[PDB]
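So this first bit is one chain, no partners, the form deposited in one PDB entry, shown in structure tokens.
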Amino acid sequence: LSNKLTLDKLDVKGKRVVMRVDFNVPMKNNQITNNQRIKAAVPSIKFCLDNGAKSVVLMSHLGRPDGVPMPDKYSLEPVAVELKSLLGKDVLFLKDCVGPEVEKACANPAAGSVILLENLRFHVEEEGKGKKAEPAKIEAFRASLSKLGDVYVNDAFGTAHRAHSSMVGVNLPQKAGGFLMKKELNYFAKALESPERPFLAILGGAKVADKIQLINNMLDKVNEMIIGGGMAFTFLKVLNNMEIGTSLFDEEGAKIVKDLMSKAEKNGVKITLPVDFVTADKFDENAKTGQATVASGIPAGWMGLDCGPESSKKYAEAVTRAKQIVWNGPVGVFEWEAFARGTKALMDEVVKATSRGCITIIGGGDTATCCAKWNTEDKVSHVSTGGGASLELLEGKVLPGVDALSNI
């Protein structure tokens, strides 16, 4: 951020601040399971208010509603309630993010107003595709967001990899990175400069279509990679002709698996895949469960929702060899206890590693919730609010949300 405008150099006195944040917080039974991402934005929000901002208008997405309004499942309303306790100020929650009446509400608010807009992704123009969007409308969407502030701050580190309207398309003459964006980028700048070696990446989770496309570049930076969670099944099917049942599978990524493995071998990156699994007869917390190995396959209609004990042992071995680890993506559906064991065991290994001097970086909306859940946040080196975003830094990329900031 050395030659970008940052919030500490932005005169906010008397100005309306429109601020992109990543409030894409994990949810369960309609409740926030982890407020980490919300707390992370507080220092930027408090700075603005203490320095005389007229208002702070917060905007974020939540989940992947893909351009349809879905307040029943994906409203940011519960975040507004949560933001209130963290700030010690009230926050006006609006039921849309654009335009006429949202614009009226943000036009000239009372001094010190904090306002939270509804889920950006209820409009197709944020991404702007979903379930296919028109440029003229994309332009209008962006103009509307731009009206909501006099100056713009992006503190959405967790979303910085996304060139979406709210992240790269706000037209104000001052576009500054917030304090969370700064802290996260500075930390990674340091950690990624000359990583300790062996440098292990651990990649799991459920965003297979996306994160499988990050491995190619990551293979030029790391010495080992665990590929677990939902990611593993695409690899195992292509390499070992493993039956995977209805486990997560990416058709596109399946096509590049052999290329990735060739590059890994060429670059001397040891790939550790799982060898066994906890299976489930359906995608439900209370599914009937089973056990499978790669050799046995996962039966018809069942899905692998955790790795098994032999996989945990292989994972622990890779972690024992590491002097630096970057972990994004739980290695099972850890939100459900029947499938939490693999992620819990890896966490124990990562904490042990930290205690003997391994530099351990855990990132992502869901992966950082693993830390909250098992109370390891102070027991690893760094818990980042970015998952995908952190993996794109490891790739060596400039993040679109940082790139779109004003130059000093």
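Basically, rigid core = biggest C-alpha set you can superpose within 1.5 Å across the two forms. We number the residues from 1 along the sequence you see.
What comes next is about the form deposited in another entry, which does not appear here.
S.K.: Picking from 244, 97, 170, 115, which residue has its CA shift by 2 Å or more between the shown form and the other one, once the rigid core of the two forms is superposed?
M.R.: The only residue crossing the 2 Å threshold is 244.
S.K.: Given a change of 3 Å or more, say if the Cα atoms of residue 333 and residue 63 sit closer or farther in the other entry than in this form.
M.R.: Farther: residue 333 and residue 63 separate by 3 Å or more in the other entry.
S.K.: Work out whether the Cα atoms of residue 213 and residue 187 come closer together or move farther apart in the other entry than they are in this form, the change being 3 angstroms or more.
M.R.: Relative to the shown form, the pair is closer.
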